[PDB]
Amino acid sequence: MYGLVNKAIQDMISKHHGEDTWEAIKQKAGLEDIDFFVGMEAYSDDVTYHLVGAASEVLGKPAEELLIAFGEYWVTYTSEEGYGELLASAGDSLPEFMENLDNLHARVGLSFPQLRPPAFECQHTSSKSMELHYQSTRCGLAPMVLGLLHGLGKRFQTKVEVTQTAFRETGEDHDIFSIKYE
Ligand code: HEM
């Protein structure tokens, strides 16, 4: 994943737990070499998985819990770190934003050549609910999607309830979330 993702994880941890904790995580993750992350540079996906595993051990939180928190954080981090207009352009309500997500990542992918974005498809079931299909080249990031959706709820001052109804882990084709919103 691009350095931007790893910087945001670093930022989230460093802000909540301080630099010493960050340095321990960095060390345990096997990254003491890397002096800083470069936002627009591509890293091995392993860098991100190791950082998360190491943060889990050092902080004593399951990795999935940290992914949820990171998902929520990302919505705020991107708005403040160069992508606030891009976010605004993706809509002014939760359901519209989710319809625009693939288009938003298409736009991101202009600037980030090697992007491997997720694919999201919405099947609306009412004016207050939708099924969200999430497909990815990567494993284990469904909890991050959960936090993202909650971050977007906060963004749009909209109450949202998100329940995953299909899990790749149980052998399903892809993750599916049932979403209800104000
Ligand atoms: C303007 C705001 C955003 C920017 C700049 C951005 C950019 C990125 C970047 C660089 C990656 C890494 C992919 C790679 O390195 O190949 C990524 C991944 C991801 N993004 Fe976005 N993103 C934004 C908003 C969102 C939002 C709002 C969501 C909410 C659903 C989202 C969902 C995801 C997920 C689930 C991944 C994990 C990659 C995967 O599943 O394969 N992104 N995004």
# chains A, B, ... in the order shown; residues from 1 in each chain; ligands from 1

call {"tool": "residues_near_ligand", "arguments": {"ligand": "ligand 1", "cutoff": "6 Å", "atoms": "only C-alpha atoms and all ligand atoms", "output": "PyMOL selection string"}}
result
chain A and resi 1-2+75+78+83+86-87+108+115-118+136-138+145+148

call {"tool": "write_last_selection", "arguments": {"atoms": "N, CA and C atoms", "output": "mmCIF file, in the first residue's frame"}}
result
data_model
loop_
_atom_site.group_PDB
_atom_site.id
_atom_site.type_symbol
_atom_site.label_atom_id
_atom_site.label_comp_id
_atom_site.auth_asym_id
_atom_site.auth_seq_id
_atom_site.Cartn_x
_atom_site.Cartn_y
_atom_site.Cartn_z
ATOM 1 N N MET A 1 0.839 -1.213 0.000
ATOM 2 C CA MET A 1 0.000 0.000 0.000
ATOM 3 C C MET A 1 0.862 1.246 0.000
ATOM 4 N N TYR A 2 0.329 2.304 -0.591
ATOM 5 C CA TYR A 2 1.047 3.567 -0.648
ATOM 6 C C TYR A 2 1.374 4.110 0.735
ATOM 7 N N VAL A 75 -11.053 8.853 7.475
ATOM 8 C CA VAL A 75 -11.994 9.839 6.971
ATOM 9 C C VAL A 75 -11.563 11.277 7.340
ATOM 10 N N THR A 78 -7.660 12.073 5.762
ATOM 11 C CA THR A 78 -7.580 12.463 4.352
ATOM 12 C C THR A 78 -8.098 13.882 4.113
ATOM 13 N N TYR A 83 -6.810 15.979 0.811
ATOM 14 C CA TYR A 83 -7.905 15.370 0.043
ATOM 15 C C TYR A 83 -9.288 15.871 0.425
ATOM 16 N N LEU A 86 -11.528 16.595 -2.686
ATOM 17 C CA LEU A 86 -11.896 15.333 -3.289
ATOM 18 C C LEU A 86 -13.046 14.660 -2.522
ATOM 19 N N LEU A 87 -12.983 14.695 -1.193
ATOM 20 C CA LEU A 87 -14.026 14.095 -0.365
ATOM 21 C C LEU A 87 -15.350 14.805 -0.568
ATOM 22 N N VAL A 108 -8.537 9.099 -7.320
ATOM 23 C CA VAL A 108 -7.298 8.903 -6.557
ATOM 24 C C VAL A 108 -6.243 8.233 -7.422
ATOM 25 N N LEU A 115 -2.264 2.191 -7.802
ATOM 26 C CA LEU A 115 -3.315 1.979 -6.803
ATOM 27 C C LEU A 115 -3.981 0.626 -7.006
ATOM 28 N N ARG A 116 -4.195 -0.122 -5.931
ATOM 29 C CA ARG A 116 -5.084 -1.281 -5.981
ATOM 30 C C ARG A 116 -6.290 -0.997 -5.107
ATOM 31 N N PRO A 117 -7.276 -0.256 -5.644
ATOM 32 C CA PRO A 117 -8.357 0.181 -4.774
ATOM 33 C C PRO A 117 -9.339 -0.963 -4.520
ATOM 34 N N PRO A 118 -10.159 -0.830 -3.482
ATOM 35 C CA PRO A 118 -11.228 -1.800 -3.275
ATOM 36 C C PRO A 118 -12.324 -1.537 -4.292
ATOM 37 N N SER A 136 -11.940 -7.027 -2.690
ATOM 38 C CA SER A 136 -10.597 -6.528 -2.503
ATOM 39 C C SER A 136 -9.611 -7.591 -2.951
ATOM 40 N N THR A 137 -8.422 -7.148 -3.375
ATOM 41 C CA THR A 137 -7.292 -8.024 -3.643
ATOM 42 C C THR A 137 -6.627 -8.385 -2.333
ATOM 43 N N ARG A 138 -7.087 -7.794 -1.234
ATOM 44 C CA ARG A 138 -6.422 -8.009 0.049
ATOM 45 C C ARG A 138 -7.327 -8.687 1.054
ATOM 46 N N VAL A 145 -13.274 -1.240 6.802
ATOM 47 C CA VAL A 145 -14.484 -0.743 6.116
ATOM 48 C C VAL A 145 -15.569 -0.369 7.114
ATOM 49 N N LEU A 148 -14.674 2.915 8.565
ATOM 50 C CA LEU A 148 -14.834 3.954 7.527
ATOM 51 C C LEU A 148 -16.277 4.401 7.426
#

call {"tool": "select_by_dssp", "arguments": {"residues": "stretch 16-174 of chain A", "states": "helix (DSSP H, G or I)", "output": "VMD selection string"}}
result
chain A and resid 16 to 17 19 to 29 45 to 59 63 to 89 94 to 111 142 to 155 168 to 170

call {"tool": "atom_distance", "arguments": {"atom1": "atom CA of residue A:123", "atom2": "atom CA of residue A:88"}}
result
22.6 Å

call {"tool": "closest_residue", "arguments": {"among": "A:170, A:100, A:178, A:125", "to": "residue A:146", "atoms": "only C-alpha atoms"}}
result
A:178

call {"tool": "closest_atom_pairs", "arguments": {"of": "stretch 73-145 of chain A", "to": "stretch 29-51 of chain A", "cutoff": "10 Å", "atoms": "only C-alpha atoms", "output": "tab-separated table"}}
result
residue	atom	partner	partner_atom	distance
A:111	CA	A:40	CA	8.7
A:112	CA	A:40	CA	7.0
A:113	CA	A:40	CA	9.5
A:114	CA	A:42	CA	7.6
A:115	CA	A:42	CA	8.7
A:138	CA	A:45	CA	8.8
A:140	CA	A:49	CA	9.6

call {"tool": "write_last_selection", "arguments": {"atoms": "C-alpha atoms", "output": "PDB file, in the first residue's frame"}}
result
ATOM      1  CA  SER A 111      -2.459  10.591  -8.978  1.00  0.00           C
ATOM      2  CA  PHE A 112      -1.457   7.177  -7.570  1.00  0.00           C
ATOM      3  CA  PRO A 113      -0.389   5.120 -10.626  1.00  0.00           C
ATOM      4  CA  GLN A 114      -0.120   1.733  -8.909  1.00  0.00           C
ATOM      5  CA  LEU A 115      -3.315   1.979  -6.803  1.00  0.00           C
ATOM      6  CA  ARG A 138      -6.422  -8.009   0.049  1.00  0.00           C
ATOM      7  CA  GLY A 140      -8.658  -8.977   6.474  1.00  0.00           C
TER       8      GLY A 140
END

call {"tool": "closest_residue", "arguments": {"among": "A:79, A:135, A:89, A:129", "to": "residue A:161", "atoms": "only C-alpha atoms"}}
result
A:129

call {"tool": "select_by_dssp", "arguments": {"residues": "stretch 8-166 of chain A", "states": "strand (DSSP E)", "output": "JSON, numbers by chain"}}
result
{"A": [119, 120, 121, 122, 123, 124, 129, 130, 131, 132, 133, 134, 135, 160, 161, 162, 163, 164, 165, 166]}

call {"tool": "closest_residue", "arguments": {"among": "A:152, A:172, A:59, A:177", "to": "residue A:17", "atoms": "only C-alpha atoms"}}
result
A:59

call {"tool": "atom_distance", "arguments": {"atom1": "atom CA of residue A:150", "atom2": "atom CA of residue A:98"}}
result
12.3 Å

call {"tool": "residues_around", "arguments": {"residues": "residue A:174", "least_positions_apart": "2", "cutoff": "8 Å", "atoms": "only C-alpha atoms", "output": "MDAnalysis selection string"}}
result
chainID A and resid 133:135 166:168 172 176
